[PDB]
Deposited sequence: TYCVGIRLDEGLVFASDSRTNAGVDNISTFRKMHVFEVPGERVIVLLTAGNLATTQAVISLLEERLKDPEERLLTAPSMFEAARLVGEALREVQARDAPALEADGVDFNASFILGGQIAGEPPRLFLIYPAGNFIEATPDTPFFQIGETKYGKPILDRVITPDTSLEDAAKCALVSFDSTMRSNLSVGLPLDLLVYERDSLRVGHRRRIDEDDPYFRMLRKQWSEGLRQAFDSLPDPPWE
């Protein structure tokens, strides 16, 4: 479990892995990215982390077919209210280690793109130009590269590269995160899911990326100056 959401002037980038604690001596594959789209009016993306029984129960609550006006993710009047729905659903489930955590972002027509982190307690915060990304799951291995590269001015292409490299480092160093990944790249004001795919162990691009990052890192390392000793 590692999920990342990134917010840029140009749009949003989301990525998540699938390796999941599904009970004792059982780690299996479960998708952690969920998309709610009304093409030409809104796109909302939800990433999950923590206890699977809890996340699945939250998702089930948010999809309940006969809810009141403005109380479903598809009909929320703003992303702030959407985040509040996720948080309230989480609290409702907890009143029935079971903790869980989410990242929620997207765009609703006539409002810019926005990005939120929902905490275990069900309160939340919103990304800004100064803190333009969020992470949930096992996050510390992959944070340094995101801190080095991501700014509001970063292009969608580079932010996606940076997310993937972040996953590479995390997967090398911690066995609780693993392929397949989901990747979604959203262009500001499209109001449409533009690019979305699944990246598995055979993906040619992700293989090329890892191999060239590895070769280029080693060259950067080898050209660092020697101590005076």
(request) Note down, first to last, the deposited-sequence stretches for which the model contains no C-alpha atom. (result) 97 to 106, 240
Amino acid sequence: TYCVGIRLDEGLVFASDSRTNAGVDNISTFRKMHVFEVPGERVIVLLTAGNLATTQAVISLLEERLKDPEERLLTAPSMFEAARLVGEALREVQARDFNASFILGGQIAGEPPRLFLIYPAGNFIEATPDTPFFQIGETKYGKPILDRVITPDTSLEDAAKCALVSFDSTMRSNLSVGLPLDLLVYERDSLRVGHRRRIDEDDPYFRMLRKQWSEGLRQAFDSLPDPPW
From here on, numbers count along this sequence of modelled residues.
(message) So, looking at the entry's B-factor column for Cα atoms, which has the higher mean, 181 to 189 or 60 to 68?
(response) 60 to 68
(request) Take the C-alpha B-factors listed in the entry for 97 to 105 and for 126 to 134, compute each mean, and give the stretch with the larger one. (result) 97 to 105
(message) Checking the record values for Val86, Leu115, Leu146, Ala76, which has the greatest CA B factor?
(response) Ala76
(request) Determine, from the deposited record, the chain-internal third of the Cα B-factor for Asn26: lowest, middle or highest. (result) highest
(request) Would you check the entry's CA temperature factor for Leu217 and let me know if it's in the chain's lowest, middle or highest third? (result) middle
(message) Among the modelled residues of this chain, does the Cα B factor of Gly142 put it in the lowest, middle or highest third?
(response) lowest
(message) Sorting by Cα B-factor within the chain, modelled residues only, which third would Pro225 end up in: lowest, middle or highest?
(response) middle
(message) Sorting by Cα B-factor within the chain, modelled residues only, which third would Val38 end up in: lowest, middle or highest?
(response) highest
